[PDB]
Structures are given as C-alpha cells and as structure tokens.
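Structure, as structure tokens:
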Amino acid sequence: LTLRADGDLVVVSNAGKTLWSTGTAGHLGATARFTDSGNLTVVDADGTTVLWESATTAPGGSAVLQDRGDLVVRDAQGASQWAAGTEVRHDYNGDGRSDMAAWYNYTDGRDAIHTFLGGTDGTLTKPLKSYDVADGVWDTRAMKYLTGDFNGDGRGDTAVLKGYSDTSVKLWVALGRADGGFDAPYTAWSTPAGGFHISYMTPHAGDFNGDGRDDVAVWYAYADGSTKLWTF
Amino acid sequence: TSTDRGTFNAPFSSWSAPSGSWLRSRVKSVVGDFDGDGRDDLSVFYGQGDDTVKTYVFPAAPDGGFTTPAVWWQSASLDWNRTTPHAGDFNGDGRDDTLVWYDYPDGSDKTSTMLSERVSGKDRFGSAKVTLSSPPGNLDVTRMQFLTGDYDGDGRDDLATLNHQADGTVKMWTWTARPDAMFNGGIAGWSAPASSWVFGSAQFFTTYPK
Ligand SMILES: CC(=O)N[C@@H]1[C@H](O[C@H]2[C@@H](O)[C@@H](CO)O[C@H](O)[C@@H]2NC(C)=O)O[C@H](C(=O)O)[C@@H](O[C@H]2O[C@H](CO)[C@H](O)[C@H](O)[C@H]2NC(C)=O)[C@@H]1NC(C)=O
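Just so you know, the protein sequences line up as chains D and B, in that order. Sequential numbering of the first sequence, starting at 264, is according to UniProt numbering. Sequential numbering of the second sequence, starting at 496, is according to UniProt numbering.
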C-alpha cells in the first residue's frame, strides 16, 4: 500500500500491477490519513479538502494491510467495516496471479494434485504435479474439494472434506508451496461417526470471519428436512 | 399369463425362497418396468430388522417368470414403517421409477422420488429428492387412497388421491409431474359428502396392493 508523489493512493500486487486506486492523481502534496473517527481518507495539499474517503465509522479502530492480500479497516471490536478487495483468489505461488488445481484420480487407484499456473497474458500454463501418492492411500469415493488461504500465508492453500466407511468425517488441509505445488495434507479437523455425514454437508470456502484467514461454511441438510449453516 | 381369449393360463412358479429368509410381513411391493426392457417386473421395499429400507428388484424373464433379485436402493435415513412406495414413470424416460410417501412424526408428509438410471452399466435408483410436501396436519396418510397414472396424457406419470376429510367429505386431488419429476400443486376434482360416497366402504382398482 503506497501513496504516490502524484497524490494517488494505490495498492499493488507482487506482479507489479495496481489492483486498486483512489484515482486522486495530479493532486501533488496530497496526503493519506486515518482519522480518529475510524475512517480512511485522502486529503489535499491544503490539509482541509477531502479527495477520497472510505466513509466508514469506527472510533478506536485501525486500518490494516493483511498478508492474505487486501486492505481492511477494522473497528475497536475487531470487526471489519470496509475492504478494498485487493486480493487474488487461489493464488497458489503468490506471484500476483490466480491459479487453479485439480485432484486427478488415476485408473490404477493412485492419485495426485496438478496445478495450472496463470501466465502474464491471462492464460494457463501446463500443469505440474505434486503430492503423488500410491494406490490405497486414499479411498476416493466420497470427498469434496475446497480452495482458499487457510493459513494467512499470502498464498492459496487447498482442503479436502472426506467421509469414511465408519461414517466418521475428517477435513484435510494442504499448504501451498512457493513453487506452485502443495505439501502433504494434514488433518485440520475431525469428528467421531454419528456427528456429521458427508452426504449432507455442502462446504463453502472463503473468509467468513474477516480475520484474514479463509475458513469453511457448511450448508447442512438434515434428513428431517431442517437446515443449518455451520462455520469452521 | 394371458391368452387372446381374455382368459388366464395355469399358474407356474419361478423365483422362490426357503423359509426363514423372506418374511411376508416385511414386504411392501410395487410393480413396473424399471429398466425399460418391455417387461413389467417387481420391486420390494423390505424392512431390514431395524426398520431401515432396502429396495430389491425382480426382473422379469422372457418366459414371464422372475429372476434373482438385486438391490437398487437402500437408506437408513427413513423409517420403513412410515413408507408407502409407489411406482410409475415420473419424468417420461420410458422406464419406470418409484417414489415413497413418508408420514413424518411431525404430522407432515412428503414424497421422495428416486429416478431410474443406469450408471457404469449398473441399473439402480438415483438419489432421492423431495418432490411434494405439505404442512403438518394437512393430510392424513391413513385417511386417503392412492392411485398413480398419466391423468393429463402428457407422457409423464403422476398421482391422484381420494382423501377423507375431517368433516366426512371425500375430495379428489391430482398432482401432475413436471419434466424434472417435481410435482405441481394439487388440483381439486370431484367431491362429495359422506351421505353419497362412504370412504371406508369403497376400494379402488390398483396395480399393486396397498
Ligand atoms: C445409496 C445412497 O443413497 N447413499 C448416500 C449417498 O448418495 C449420494 C451422495 O453420496 C452424493 C454426494 O456424495 O453423491 C451421489 O449423489 C450419491 N448417490 C448414489 C446413488 O450413490 O452417498 C453416501 C456416500 O457417503 O457416498 C452414502 O453413505 C455411504 O457411503 C459412505 C462413504 O463411503 C460410507 O460408506 C457410509 O457407510 C455409507 N453410509 C451408509 C449409511 O450406508 C449415502 N447413504 C445414505 C444412507 O444416505
């Protein structure tokens, strides 16, 4: 997050590109400040005229640039009031461009995760594989795949919600690597059988808490017709 | 089997089971053409000990007899004692499938439809979805008689009932089938007071018992 000499307050990515700006260019001597009212504004050289504002209210709050990517203004209670949205979704290597990855099930029973990195022209390059495991390691019959930054690294991670033959459930997480690949999945959460069922869960990834780390929400459909939203 | 005189031939047996296997008291049967081979056959919703539901199908032999059954659908999420299965082609596939009318403890009821499909060469019923539902106390499953068929002639089977109302009135309702096997709202038909038509004194002609 930088304020340019030309008065334009901007946020740039690791790709060197600008993701967001106030557009207050040409106002040389302009300054950006965070007021006691809790808002973030850009003021002209005269120290009086406002050129841009987030128009928020949050006394005792603060403006924080997160490692996840974007700039968020938070109140005294730690609740987000406003965000620039300057983030790149599922950027696995942290190079400033979104990527995509897939779980590939081979006919011989083994599986691996393949990553397609984004190019400078918006195209997707040839996949590389990581976490290639032997047959019999995963029983890939009843599992759901999620993406997102679950560590607050600044680079995307992945997760798998899987049911087991004993009706138990586990949620696996694999951290993104700088090379665009993934590390081994580890259990991030688990429950004894009789708690949650894979056939009813409909997980969603995203930052629902606003704490700077992605998390998981589930639209759980009960056998009796009732519905509840669960948050992890 | 039937002759061209409208008469029936002598009965012959085909499929059979030893004593201690299939219990008649746990069998709720429906019939229809579930794989579209041009022959109607049987399916059984069996009460599996703990009142879970396991559905068997008994494909018809070319000679009119029946072959060894196989399981097409099973669920432990629903109580067998509260299920009343019905058969018909509810999406116009050309092959019949089944729905289950379920009487909830809450006083409400619903119909779950399981469409017939073939996946990886294997015939089975697909995942159940709710196609009809009512408020609690709106319908009593023990006070109405069910019969399926294609009532508007649009090629998709649907169901209609004669229900006995609290005031003794008998009313016809029909729920037509949408292309996605979802049901429409019930459409009222003929009705009468108990002084004309007595509910408990009439039985409908059906294709399968209860
Ligand atoms: C036969 C059936 O209805 N199975 C249930 C469920 O069916 C769906 C569902 O899995 C969705 C989403 O994953 O994908 C398809 O639509 C499935 N449909 C068919 C026709 O297969 O599948 C789950 C499932 O976990 O696949 C069943 O639960 C069973 O499988 C788990 C995981 O392997 C485990 O083996 C359980 O022991 C086994 N559970 C039970 C209770 O037998 C669903 N089963 C029920 C009863 O609802």
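For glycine and all other residues, C-beta sits at the position ideal for the given N, C-alpha and C.
Item, Value
"Give me the DSSP bridge partner(s) of B/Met677.", "B/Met677 pairs with nothing; no bridge assigned."
"Which residue's Cα is closest to the Cα of D/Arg331: D/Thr386, D/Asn277 and D/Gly289?", "D/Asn277"
"Give me the Cβ distance between B/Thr669 and B/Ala655, rounded to the nearest whole Å; I'm assuming they're in contact under 8 Å.", "4 Å"
"Please list, in chain order, the chain D residues whose beta carbon lies closer than 8 Å to that of B/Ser572.", "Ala486"
"As an exercise, report each continuous beta strand (DSSP E) stretch of at least 3 residues that is fully enclosed by the region 387-425 of chain D, in chain order.", "391-396 and 406-411"
"Could you tell me which whole beta strand (DSSP E) segments of length 3 or greater appear in the region 635-690 of chain B?", "639-644, 653-659, 665-670 and 682-687"
"Based on Cα-Cα distance, which residue from D/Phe459, D/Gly411 and D/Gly444 lies nearest to D/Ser431?", "D/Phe459"
"Exposed or buried, D/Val313, counting other C-beta atoms within 10 Å across all chains shown (16 or more means buried)?", "exposed"
"Could you tell me which of B/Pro631, B/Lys605 and B/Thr626 sits nearest to B/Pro674, measuring between CA atoms?", "B/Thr626"
"Roughly how many angstroms lie between the CA atoms of D/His467 and B/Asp645, to the nearest whole one?", "41 Å"
"One question on the structure: do D/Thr421 and D/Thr410 come within less than 8 Å of each other, judged by their Cβ atoms?", "yes"
"Buried or exposed for D/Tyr485, please, with buried defined as at least 16 other CB atoms from any protein chain shown within 10 angstroms of its CB.", "exposed"
"Counting only the same chain and skipping the five closest in sequence on each side, list residues whose C-beta sits under 8 Å from that of D/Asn302.", "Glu316, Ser317, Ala318, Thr319, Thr320, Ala321 and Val336"
"Between which residues of its own chain and B/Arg651 is the CB-CB distance below 6 Å, once the five residues before and five after are set aside?", "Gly587 and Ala672"
"Considering only C-alpha positions, which residue in the set B/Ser607, B/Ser572, B/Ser629 and B/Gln660 is nearest to B/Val693?", "B/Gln660"
"Between which two residues does the beta strand (DSSP E) containing B/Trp575 stretch?", "Element bounds for B/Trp575: n/a, residue is neither H nor E."
"If you draw a straight line from the alpha carbon of D/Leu264 to that of D/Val306, how long is it in whole angstroms?", "17 Å"
"Between which residues of its own chain and B/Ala687 is the CB-CB distance below 8 Å, once the five residues before and five after are set aside?", "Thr664 and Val665"
"In angstroms with no decimal places, state the Cα-to-Cα distance between B/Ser607 and D/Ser361.", "42 Å"
"With H, G and I counted as helix, E and B as strand and the rest as coil, what does DSSP make of D/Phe445?", "strand"
"Where D/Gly359 and D/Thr383 are concerned, what is the direct C-alpha to C-alpha distance, given to the nearest angstrom?", "10 Å"
"Quick check: what's the CA-CA separation for B/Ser603 versus B/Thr593?", "20 Å"
"Would the beta-carbon of B/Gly621 be found less than 7 Å away from any heavy atom of ligand 1?", "yes"
"In angstroms, rounded to a whole number, what distance separates the CA positions of D/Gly324 and D/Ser343?", "9 Å"
"According to DSSP, is D/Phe297 helix, strand or coil?", "strand"
"Just grab the DSSP bridge partners of D/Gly286 for me.", "Answer is none; D/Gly286 lacks a bridge partner."
"Figure out for me which residue from D/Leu424, D/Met464, D/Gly475 and D/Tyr463 has the closest Cα to the Cα of D/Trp452.", "D/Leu424"
"Given that a residue counts as buried once 16 or more other Cβ atoms are within 10 Å of its Cβ, and exposed if not, what is B/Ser611?", "buried"
"CB B/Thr578 to CB B/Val595, shorter than 8 Å?", "yes"
"For the beta strand (DSSP E) that contains B/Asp604, what are its first and last residues?", "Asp604 to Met609"
"If you follow the beta strand (DSSP E) that D/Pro466 is in, where does it begin and where does it stop?", "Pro466 to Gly469"
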